[PDB]
There are 2 protein chains.
Amino acid sequence: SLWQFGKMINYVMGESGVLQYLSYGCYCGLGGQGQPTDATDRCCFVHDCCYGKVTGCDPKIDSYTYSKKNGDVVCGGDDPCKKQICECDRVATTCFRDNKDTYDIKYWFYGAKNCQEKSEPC
Amino acid sequence: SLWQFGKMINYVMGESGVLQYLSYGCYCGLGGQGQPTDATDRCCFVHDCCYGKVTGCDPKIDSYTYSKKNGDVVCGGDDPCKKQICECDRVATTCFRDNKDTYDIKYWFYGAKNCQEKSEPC
């Protein structure tokens, strides 16, 4: 669930992470549109596309099983569908980490208006 | 590396794991063709696709950092590319565990000819 996605971000990117990543560019959040602004936003675009692949459960509100250890996150449990949600979130988190160097506050709480164009196909 | 993937499988599924899983269905090998035979084969299909998204390193040959502990598998390391490989591998082996109920020796060492049909795209 997004509640877990937030915790996962805070653990991997630090306590200020949720505020830093849950409203960025055109896709960071949930249910974006238009063209990704930069690499970090591309992470969220892939994340959104990932949630779109989940059909046996609700990636937005269904809770999954995961662990925290040495800065990283590990997906657990035995439910195939829930494990798939967790994987979508885990990949997005490491992606934020790998692209930290180009994060631009210019796209922080960017505003939907600039994203109102045909969305890039997954 | 596939060597390590093999270690994971035997650790989680037992000493017979590699022999029962890496030669199953149409995809547990690599470069699978055709249609996934069942849930277990589906684990490998996803595994292939996961390997397909790895850029910068070799999922088949490159070695990563991981540990086998308390019945679970944990990925680590300093290289993001290699950690991605390890994630594909650990997810695939627990997927095998989740679907052990539908494992069927009929698909064990399935012939490649039985897999000679239009391949499912990732």
# chains A, B, ... in the order shown; residues from 1 in each chain; ligands from 1
call {"tool": "interface_residues", "arguments": {"of": "chain A", "to": "chain B", "cutoff": "8 Å", "atoms": "only C-alpha atoms", "output": "ChimeraX atom specification"}}
result
/A:74,78-80,98
call {"tool": "residues_around", "arguments": {"residues": "residue 25 in chain B", "least_positions_apart": "6", "cutoff": "9 Å", "atoms": "only C-alpha atoms", "output": "JSON, numbers by chain"}}
result
{"B": [35, 36, 37, 38, 40, 41, 42, 44, 106, 107, 108, 109, 110, 111, 112, 115]}
call {"tool": "write_last_selection", "arguments": {"atoms": "N, CA, C and O atoms", "output": "PDB file, in the first residue's frame"}}
result
ATOM      1  N   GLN B  35       5.183 -20.576 -24.915  1.00  0.00           N
ATOM      2  CA  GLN B  35       4.249 -20.202 -23.864  1.00  0.00           C
ATOM      3  C   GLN B  35       4.581 -20.829 -22.518  1.00  0.00           C
ATOM      4  O   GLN B  35       4.942 -22.005 -22.450  1.00  0.00           O
ATOM      5  N   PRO B  36       4.486 -20.041 -21.432  1.00  0.00           N
ATOM      6  CA  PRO B  36       4.774 -20.573 -20.095  1.00  0.00           C
ATOM      7  C   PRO B  36       3.833 -21.750 -19.868  1.00  0.00           C
ATOM      8  O   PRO B  36       2.648 -21.668 -20.187  1.00  0.00           O
ATOM      9  N   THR B  37       4.357 -22.848 -19.334  1.00  0.00           N
ATOM     10  CA  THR B  37       3.539 -24.035 -19.122  1.00  0.00           C
ATOM     11  C   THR B  37       2.584 -23.926 -17.948  1.00  0.00           C
ATOM     12  O   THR B  37       1.466 -24.443 -17.999  1.00  0.00           O
ATOM     13  N   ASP B  38       3.017 -23.254 -16.889  1.00  0.00           N
ATOM     14  CA  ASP B  38       2.181 -23.117 -15.704  1.00  0.00           C
ATOM     15  C   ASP B  38       2.717 -22.030 -14.780  1.00  0.00           C
ATOM     16  O   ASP B  38       3.561 -21.229 -15.178  1.00  0.00           O
ATOM     17  N   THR B  40       4.714 -22.217 -12.092  1.00  0.00           N
ATOM     18  CA  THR B  40       6.140 -22.324 -11.833  1.00  0.00           C
ATOM     19  C   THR B  40       6.956 -21.824 -13.020  1.00  0.00           C
ATOM     20  O   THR B  40       7.947 -21.110 -12.840  1.00  0.00           O
ATOM     21  N   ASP B  41       6.534 -22.192 -14.227  1.00  0.00           N
ATOM     22  CA  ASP B  41       7.225 -21.765 -15.441  1.00  0.00           C
ATOM     23  C   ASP B  41       7.089 -20.249 -15.552  1.00  0.00           C
ATOM     24  O   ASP B  41       7.985 -19.560 -16.042  1.00  0.00           O
ATOM     25  N   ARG B  42       5.956 -19.739 -15.078  1.00  0.00           N
ATOM     26  CA  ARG B  42       5.669 -18.309 -15.098  1.00  0.00           C
ATOM     27  C   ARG B  42       6.693 -17.560 -14.233  1.00  0.00           C
ATOM     28  O   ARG B  42       7.062 -16.424 -14.533  1.00  0.00           O
ATOM     29  N   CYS B  44       9.765 -18.257 -13.956  1.00  0.00           N
ATOM     30  CA  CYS B  44      10.953 -18.145 -14.770  1.00  0.00           C
ATOM     31  C   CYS B  44      10.762 -17.163 -15.918  1.00  0.00           C
ATOM     32  O   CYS B  44      11.717 -16.519 -16.358  1.00  0.00           O
ATOM     33  N   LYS B 106       5.647 -33.472 -15.319  1.00  0.00           N
ATOM     34  CA  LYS B 106       5.343 -33.542 -16.742  1.00  0.00           C
ATOM     35  C   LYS B 106       6.118 -32.441 -17.472  1.00  0.00           C
ATOM     36  O   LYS B 106       6.482 -32.587 -18.641  1.00  0.00           O
ATOM     37  N   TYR B 107       6.375 -31.338 -16.773  1.00  0.00           N
ATOM     38  CA  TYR B 107       7.104 -30.220 -17.367  1.00  0.00           C
ATOM     39  C   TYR B 107       8.582 -30.233 -16.996  1.00  0.00           C
ATOM     40  O   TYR B 107       9.326 -29.334 -17.369  1.00  0.00           O
ATOM     41  N   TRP B 108       9.000 -31.258 -16.256  1.00  0.00           N
ATOM     42  CA  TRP B 108      10.397 -31.407 -15.853  1.00  0.00           C
ATOM     43  C   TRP B 108      11.152 -31.916 -17.077  1.00  0.00           C
ATOM     44  O   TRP B 108      10.783 -32.940 -17.661  1.00  0.00           O
ATOM     45  N   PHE B 109      12.212 -31.205 -17.454  1.00  0.00           N
ATOM     46  CA  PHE B 109      12.984 -31.543 -18.646  1.00  0.00           C
ATOM     47  C   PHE B 109      12.020 -31.715 -19.808  1.00  0.00           C
ATOM     48  O   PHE B 109      11.989 -32.745 -20.491  1.00  0.00           O
ATOM     49  N   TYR B 110      11.206 -30.682 -19.998  1.00  0.00           N
ATOM     50  CA  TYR B 110      10.231 -30.626 -21.074  1.00  0.00           C
ATOM     51  C   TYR B 110      11.121 -30.526 -22.310  1.00  0.00           C
ATOM     52  O   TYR B 110      12.231 -29.999 -22.232  1.00  0.00           O
ATOM     53  N   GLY B 111      10.669 -31.040 -23.442  1.00  0.00           N
ATOM     54  CA  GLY B 111      11.504 -30.940 -24.625  1.00  0.00           C
ATOM     55  C   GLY B 111      11.417 -29.537 -25.193  1.00  0.00           C
ATOM     56  O   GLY B 111      10.395 -28.872 -25.045  1.00  0.00           O
ATOM     57  N   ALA B 112      12.482 -29.078 -25.839  1.00  0.00           N
ATOM     58  CA  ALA B 112      12.479 -27.746 -26.431  1.00  0.00           C
ATOM     59  C   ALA B 112      11.432 -27.685 -27.537  1.00  0.00           C
ATOM     60  O   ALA B 112      10.843 -26.635 -27.795  1.00  0.00           O
ATOM     61  N   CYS B 115       8.135 -26.455 -26.812  1.00  0.00           N
ATOM     62  CA  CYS B 115       8.139 -25.013 -26.600  1.00  0.00           C
ATOM     63  C   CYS B 115       8.284 -24.250 -27.899  1.00  0.00           C
ATOM     64  O   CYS B 115       8.534 -23.045 -27.899  1.00  0.00           O
TER      65      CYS B 115
END
call {"tool": "atom_distance", "arguments": {"atom1": "CA of residue 16 in chain B", "atom2": "CA of residue 68 in chain B"}}
result
16.8 Å
call {"tool": "calpha_fit_and_write", "arguments": {"fixed": "chain A", "moving": "chain B", "output": "compact mmCIF listing (two decimals) with N, CA and C atoms, in the first residue's frame"}}
result
# COMPACT_ATOMS: atom_id res chain seq x y z
N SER B 1 1.06 -1.25 0.09
CA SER B 1 0.25 0.01 0.12
C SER B 1 1.17 1.22 -0.02
N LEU B 2 0.59 2.36 -0.38
CA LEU B 2 1.37 3.58 -0.52
C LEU B 2 1.97 3.96 0.83
N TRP B 3 1.31 3.52 1.90
CA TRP B 3 1.80 3.81 3.26
C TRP B 3 3.16 3.16 3.43
N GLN B 4 3.25 1.91 3.00
CA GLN B 4 4.49 1.14 3.09
C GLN B 4 5.52 1.69 2.11
N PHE B 5 5.05 2.11 0.94
CA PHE B 5 5.92 2.69 -0.08
C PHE B 5 6.57 3.90 0.58
N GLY B 6 5.77 4.65 1.33
CA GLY B 6 6.29 5.81 2.03
C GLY B 6 7.37 5.44 3.03
N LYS B 7 7.16 4.34 3.77
CA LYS B 7 8.13 3.87 4.75
C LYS B 7 9.46 3.52 4.10
N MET B 8 9.40 2.88 2.93
CA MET B 8 10.60 2.51 2.19
C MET B 8 11.39 3.76 1.83
N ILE B 9 10.70 4.71 1.22
CA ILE B 9 11.32 5.96 0.79
C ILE B 9 12.04 6.68 1.94
N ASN B 10 11.38 6.81 3.08
CA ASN B 10 12.01 7.49 4.21
C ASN B 10 13.19 6.70 4.77
N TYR B 11 13.11 5.38 4.72
CA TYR B 11 14.17 4.51 5.23
C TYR B 11 15.43 4.61 4.37
N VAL B 12 15.24 4.62 3.06
CA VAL B 12 16.34 4.71 2.11
C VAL B 12 16.82 6.14 1.80
N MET B 13 15.88 7.05 1.61
CA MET B 13 16.21 8.43 1.26
C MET B 13 16.26 9.44 2.41
N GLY B 14 15.83 9.02 3.59
CA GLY B 14 15.85 9.93 4.72
C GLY B 14 14.47 10.36 5.14
N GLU B 15 14.38 10.96 6.33
CA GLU B 15 13.12 11.42 6.90
C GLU B 15 12.34 12.41 6.04
N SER B 16 13.02 13.05 5.09
CA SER B 16 12.36 14.02 4.22
C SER B 16 11.87 13.38 2.91
N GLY B 17 12.27 12.13 2.69
CA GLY B 17 11.90 11.40 1.49
C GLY B 17 10.50 11.52 0.92
N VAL B 18 9.49 11.11 1.68
CA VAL B 18 8.12 11.17 1.20
C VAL B 18 7.73 12.56 0.71
N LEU B 19 8.10 13.59 1.48
CA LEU B 19 7.78 14.96 1.11
C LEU B 19 8.52 15.44 -0.14
N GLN B 20 9.71 14.89 -0.39
CA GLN B 20 10.49 15.30 -1.56
C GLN B 20 10.21 14.47 -2.81
N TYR B 21 9.75 13.24 -2.63
CA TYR B 21 9.51 12.36 -3.76
C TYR B 21 8.09 12.06 -4.22
N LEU B 22 7.16 11.85 -3.31
CA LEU B 22 5.80 11.51 -3.73
C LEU B 22 5.01 12.66 -4.35
N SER B 23 5.62 13.83 -4.44
CA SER B 23 4.97 15.00 -5.03
C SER B 23 5.89 15.62 -6.07
N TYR B 24 6.68 14.77 -6.73
CA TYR B 24 7.66 15.20 -7.71
C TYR B 24 7.28 14.88 -9.16
N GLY B 25 7.68 15.77 -10.06
CA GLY B 25 7.42 15.58 -11.48
C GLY B 25 5.96 15.43 -11.84
N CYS B 26 5.70 14.63 -12.87
CA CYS B 26 4.34 14.39 -13.34
C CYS B 26 3.82 13.01 -12.98
N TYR B 27 4.68 12.15 -12.46
CA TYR B 27 4.25 10.80 -12.14
C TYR B 27 4.45 10.25 -10.74
N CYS B 28 5.23 10.92 -9.89
CA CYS B 28 5.44 10.36 -8.57
C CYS B 28 4.17 10.26 -7.76
N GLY B 29 3.12 10.92 -8.22
CA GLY B 29 1.84 10.79 -7.56
C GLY B 29 1.31 9.55 -8.27
N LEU B 30 0.01 9.42 -8.40
CA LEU B 30 -0.50 8.28 -9.14
C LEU B 30 -1.43 8.81 -10.21
N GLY B 31 -1.64 8.01 -11.25
CA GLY B 31 -2.48 8.45 -12.35
C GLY B 31 -1.84 9.67 -12.98
N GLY B 32 -0.53 9.59 -13.22
CA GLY B 32 0.17 10.71 -13.82
C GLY B 32 -0.21 10.92 -15.27
N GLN B 33 -0.17 12.17 -15.70
CA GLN B 33 -0.49 12.56 -17.06
C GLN B 33 0.73 13.30 -17.59
N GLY B 34 0.83 13.43 -18.91
CA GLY B 34 1.94 14.15 -19.48
C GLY B 34 3.24 13.39 -19.69
N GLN B 35 4.32 14.16 -19.77
CA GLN B 35 5.66 13.65 -20.01
C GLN B 35 6.53 13.64 -18.76
N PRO B 36 7.29 12.55 -18.55
CA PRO B 36 8.17 12.47 -17.38
C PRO B 36 9.12 13.66 -17.44
N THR B 37 9.32 14.34 -16.32
CA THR B 37 10.18 15.51 -16.30
C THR B 37 11.66 15.20 -16.38
N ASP B 38 12.08 14.10 -15.75
CA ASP B 38 13.48 13.73 -15.75
C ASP B 38 13.67 12.29 -15.30
N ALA B 39 14.90 11.93 -14.96
CA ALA B 39 15.22 10.58 -14.52
C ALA B 39 14.43 10.15 -13.29
N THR B 40 14.38 11.01 -12.28
CA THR B 40 13.66 10.69 -11.06
C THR B 40 12.17 10.49 -11.34
N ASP B 41 11.60 11.36 -12.17
CA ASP B 41 10.19 11.27 -12.52
C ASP B 41 9.99 9.98 -13.30
N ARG B 42 11.01 9.60 -14.07
CA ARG B 42 10.98 8.38 -14.87
C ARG B 42 10.85 7.16 -13.96
N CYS B 43 11.43 7.24 -12.77
CA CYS B 43 11.34 6.13 -11.81
C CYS B 43 9.88 5.89 -11.45
N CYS B 44 9.14 6.98 -11.30
CA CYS B 44 7.74 6.91 -10.95
C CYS B 44 6.88 6.49 -12.13
N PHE B 45 7.33 6.84 -13.33
CA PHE B 45 6.60 6.48 -14.55
C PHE B 45 6.60 4.96 -14.63
N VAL B 46 7.78 4.38 -14.46
CA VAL B 46 7.96 2.93 -14.48
C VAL B 46 7.14 2.32 -13.35
N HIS B 47 7.14 3.01 -12.20
CA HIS B 47 6.42 2.57 -11.03
C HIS B 47 4.93 2.45 -11.37
N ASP B 48 4.41 3.46 -12.06
CA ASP B 48 3.01 3.45 -12.47
C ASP B 48 2.72 2.25 -13.37
N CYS B 49 3.58 2.06 -14.37
CA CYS B 49 3.43 0.95 -15.31
C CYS B 49 3.53 -0.39 -14.60
N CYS B 50 4.42 -0.47 -13.61
CA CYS B 50 4.59 -1.69 -12.84
C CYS B 50 3.27 -1.95 -12.09
N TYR B 51 2.70 -0.89 -11.53
CA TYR B 51 1.43 -0.99 -10.83
C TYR B 51 0.34 -1.43 -11.82
N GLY B 52 0.47 -0.98 -13.07
CA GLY B 52 -0.52 -1.33 -14.08
C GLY B 52 -0.53 -2.80 -14.45
N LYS B 53 0.59 -3.48 -14.26
CA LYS B 53 0.67 -4.90 -14.59
C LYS B 53 0.23 -5.81 -13.45
N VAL B 54 -0.09 -5.21 -12.30
CA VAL B 54 -0.54 -6.00 -11.16
C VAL B 54 -2.03 -6.32 -11.33
N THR B 55 -2.35 -7.61 -11.36
CA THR B 55 -3.73 -8.06 -11.53
C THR B 55 -4.18 -8.94 -10.37
N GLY B 56 -5.34 -8.64 -9.81
CA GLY B 56 -5.85 -9.45 -8.71
C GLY B 56 -5.87 -8.77 -7.36
N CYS B 57 -5.09 -7.71 -7.21
CA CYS B 57 -5.04 -6.97 -5.96
C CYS B 57 -4.84 -5.48 -6.22
N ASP B 58 -4.91 -4.68 -5.16
CA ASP B 58 -4.79 -3.22 -5.25
C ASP B 58 -3.39 -2.75 -4.85
N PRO B 59 -2.61 -2.21 -5.80
CA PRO B 59 -1.24 -1.73 -5.53
C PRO B 59 -1.21 -0.50 -4.64
N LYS B 60 -2.31 0.25 -4.67
CA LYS B 60 -2.42 1.47 -3.90
C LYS B 60 -2.83 1.24 -2.45
N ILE B 61 -3.78 0.34 -2.24
CA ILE B 61 -4.33 0.06 -0.92
C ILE B 61 -3.89 -1.20 -0.20
N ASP B 62 -3.78 -2.30 -0.93
CA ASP B 62 -3.41 -3.55 -0.28
C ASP B 62 -2.05 -3.53 0.40
N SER B 63 -1.97 -4.15 1.57
CA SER B 63 -0.73 -4.22 2.34
C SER B 63 0.04 -5.48 2.01
N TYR B 64 1.36 -5.36 1.97
CA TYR B 64 2.22 -6.49 1.68
C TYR B 64 3.19 -6.74 2.83
N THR B 65 4.01 -7.78 2.69
CA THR B 65 5.00 -8.14 3.70
C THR B 65 6.38 -7.74 3.20
N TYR B 66 7.11 -7.01 4.04
CA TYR B 66 8.44 -6.56 3.69
C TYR B 66 9.20 -6.19 4.96
N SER B 67 10.48 -5.89 4.81
CA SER B 67 11.29 -5.50 5.96
C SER B 67 12.31 -4.45 5.54
N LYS B 68 12.67 -3.59 6.48
CA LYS B 68 13.68 -2.56 6.24
C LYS B 68 14.86 -3.02 7.07
N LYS B 69 15.96 -3.36 6.41
CA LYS B 69 17.14 -3.85 7.12
C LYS B 69 18.45 -3.55 6.41
N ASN B 70 19.46 -3.19 7.20
CA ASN B 70 20.79 -2.87 6.69
C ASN B 70 20.77 -1.95 5.48
N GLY B 71 19.92 -0.93 5.53
CA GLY B 71 19.83 0.03 4.44
C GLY B 71 19.14 -0.49 3.19
N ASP B 72 18.71 -1.74 3.20
CA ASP B 72 18.04 -2.31 2.04
C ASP B 72 16.58 -2.65 2.36
N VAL B 73 15.82 -2.97 1.32
CA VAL B 73 14.42 -3.34 1.47
C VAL B 73 14.19 -4.72 0.87
N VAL B 74 13.57 -5.61 1.65
CA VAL B 74 13.32 -6.96 1.18
C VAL B 74 11.83 -7.27 1.18
N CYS B 75 11.34 -7.82 0.07
CA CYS B 75 9.94 -8.19 -0.06
C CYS B 75 9.75 -9.67 0.27
N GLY B 76 8.59 -10.00 0.82
CA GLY B 76 8.29 -11.38 1.16
C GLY B 76 6.79 -11.61 1.10
N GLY B 77 6.29 -12.47 1.97
CA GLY B 77 4.86 -12.74 1.99
C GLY B 77 4.49 -14.05 1.33
N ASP B 78 3.22 -14.40 1.40
CA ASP B 78 2.73 -15.65 0.83
C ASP B 78 1.87 -15.44 -0.42
N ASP B 79 1.40 -14.21 -0.62
CA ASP B 79 0.54 -13.87 -1.76
C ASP B 79 1.35 -13.28 -2.92
N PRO B 80 1.38 -13.98 -4.07
CA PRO B 80 2.11 -13.52 -5.25
C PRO B 80 1.72 -12.13 -5.75
N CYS B 81 0.44 -11.80 -5.64
CA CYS B 81 -0.05 -10.50 -6.10
C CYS B 81 0.50 -9.36 -5.25
N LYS B 82 0.46 -9.55 -3.93
CA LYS B 82 0.96 -8.53 -3.02
C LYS B 82 2.48 -8.41 -3.11
N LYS B 83 3.16 -9.52 -3.33
CA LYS B 83 4.61 -9.44 -3.45
C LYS B 83 4.97 -8.62 -4.69
N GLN B 84 4.18 -8.73 -5.75
CA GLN B 84 4.43 -7.98 -6.98
C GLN B 84 4.34 -6.47 -6.71
N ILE B 85 3.40 -6.08 -5.86
CA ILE B 85 3.22 -4.67 -5.49
C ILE B 85 4.49 -4.20 -4.79
N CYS B 86 4.92 -4.97 -3.80
CA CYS B 86 6.11 -4.66 -3.04
C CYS B 86 7.34 -4.53 -3.94
N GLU B 87 7.44 -5.37 -4.97
CA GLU B 87 8.57 -5.31 -5.89
C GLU B 87 8.56 -3.99 -6.66
N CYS B 88 7.38 -3.55 -7.09
CA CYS B 88 7.26 -2.28 -7.80
C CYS B 88 7.77 -1.16 -6.91
N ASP B 89 7.37 -1.21 -5.64
CA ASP B 89 7.76 -0.20 -4.68
C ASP B 89 9.24 -0.16 -4.34
N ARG B 90 9.84 -1.32 -4.09
CA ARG B 90 11.26 -1.32 -3.73
C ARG B 90 12.14 -0.89 -4.90
N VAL B 91 11.75 -1.28 -6.11
CA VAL B 91 12.51 -0.91 -7.30
C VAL B 91 12.44 0.60 -7.51
N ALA B 92 11.27 1.18 -7.27
CA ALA B 92 11.11 2.62 -7.42
C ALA B 92 11.95 3.41 -6.41
N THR B 93 12.01 2.97 -5.15
CA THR B 93 12.79 3.74 -4.19
C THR B 93 14.30 3.68 -4.39
N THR B 94 14.84 2.53 -4.80
CA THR B 94 16.28 2.47 -5.04
C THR B 94 16.58 3.23 -6.33
N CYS B 95 15.58 3.37 -7.19
CA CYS B 95 15.74 4.11 -8.44
C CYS B 95 15.93 5.58 -8.05
N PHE B 96 15.21 6.01 -7.03
CA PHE B 96 15.33 7.39 -6.54
C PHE B 96 16.76 7.61 -6.07
N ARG B 97 17.26 6.65 -5.30
CA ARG B 97 18.62 6.73 -4.79
C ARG B 97 19.63 6.83 -5.94
N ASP B 98 19.46 6.00 -6.96
CA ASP B 98 20.38 6.00 -8.10
C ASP B 98 20.45 7.33 -8.84
N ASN B 99 19.35 8.08 -8.85
CA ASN B 99 19.31 9.34 -9.58
C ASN B 99 19.32 10.60 -8.71
N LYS B 100 19.75 10.48 -7.46
CA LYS B 100 19.75 11.65 -6.58
C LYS B 100 20.57 12.81 -7.13
N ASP B 101 21.55 12.50 -7.97
CA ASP B 101 22.40 13.54 -8.55
C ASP B 101 21.67 14.51 -9.47
N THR B 102 20.55 14.09 -10.04
CA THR B 102 19.80 14.97 -10.94
C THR B 102 18.50 15.48 -10.35
N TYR B 103 18.26 15.22 -9.06
CA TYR B 103 17.04 15.70 -8.42
C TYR B 103 17.08 17.21 -8.51
N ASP B 104 15.93 17.82 -8.77
CA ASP B 104 15.85 19.27 -8.90
C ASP B 104 14.55 19.79 -8.31
N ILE B 105 14.64 20.63 -7.27
CA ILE B 105 13.44 21.15 -6.62
C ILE B 105 12.48 21.87 -7.57
N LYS B 106 12.94 22.13 -8.78
CA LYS B 106 12.09 22.79 -9.77
C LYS B 106 10.89 21.89 -10.07
N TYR B 107 11.09 20.58 -9.95
CA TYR B 107 10.01 19.63 -10.21
C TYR B 107 9.32 19.17 -8.93
N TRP B 108 9.74 19.72 -7.80
CA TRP B 108 9.15 19.39 -6.51
C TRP B 108 7.82 20.13 -6.43
N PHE B 109 6.74 19.39 -6.17
CA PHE B 109 5.40 19.95 -6.14
C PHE B 109 5.19 20.76 -7.42
N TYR B 110 5.44 20.08 -8.53
CA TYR B 110 5.27 20.65 -9.86
C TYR B 110 3.75 20.81 -9.95
N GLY B 111 3.28 21.80 -10.70
CA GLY B 111 1.84 21.95 -10.80
C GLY B 111 1.28 20.92 -11.75
N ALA B 112 0.04 20.50 -11.53
CA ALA B 112 -0.58 19.52 -12.41
C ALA B 112 -0.73 20.11 -13.81
N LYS B 113 -0.90 21.43 -13.88
CA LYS B 113 -1.06 22.10 -15.16
C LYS B 113 0.19 21.97 -16.03
N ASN B 114 1.36 21.91 -15.39
CA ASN B 114 2.61 21.76 -16.12
C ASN B 114 2.68 20.37 -16.74
N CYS B 115 1.80 19.49 -16.29
CA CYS B 115 1.75 18.11 -16.76
C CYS B 115 0.58 17.87 -17.69
N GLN B 116 -0.04 18.95 -18.14
CA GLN B 116 -1.18 18.82 -19.02
C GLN B 116 -0.78 18.77 -20.50
N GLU B 117 -0.25 17.63 -20.91
CA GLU B 117 0.14 17.39 -22.29
C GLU B 117 -0.03 15.90 -22.55
N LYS B 118 0.04 15.50 -23.81
CA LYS B 118 -0.13 14.09 -24.18
C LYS B 118 0.73 13.18 -23.30
N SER B 119 0.09 12.20 -22.68
CA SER B 119 0.77 11.26 -21.79
C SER B 119 1.57 10.18 -22.51
N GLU B 120 2.74 9.86 -21.97
CA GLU B 120 3.59 8.81 -22.53
C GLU B 120 3.00 7.45 -22.14
N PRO B 121 2.80 6.56 -23.13
CA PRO B 121 2.23 5.24 -22.85
C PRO B 121 3.26 4.30 -22.23
N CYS B 122 2.79 3.30 -21.49
CA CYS B 122 3.69 2.34 -20.86
C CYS B 122 4.32 1.40 -21.88
call {"tool": "select_by_dssp", "arguments": {"residues": "range 50-96 of chain A", "states": "helix (DSSP H, G or I)", "output": "number ranges by chain"}}
result
A: 50-51, 80-96
call {"tool": "select_by_dssp", "arguments": {"residues": "chain B", "states": "strand (DSSP E or B)", "output": "list in words"}}
result
residues 24, 66, 67, 68, 69, 72, 73, 74, 75 and 108 of chain B
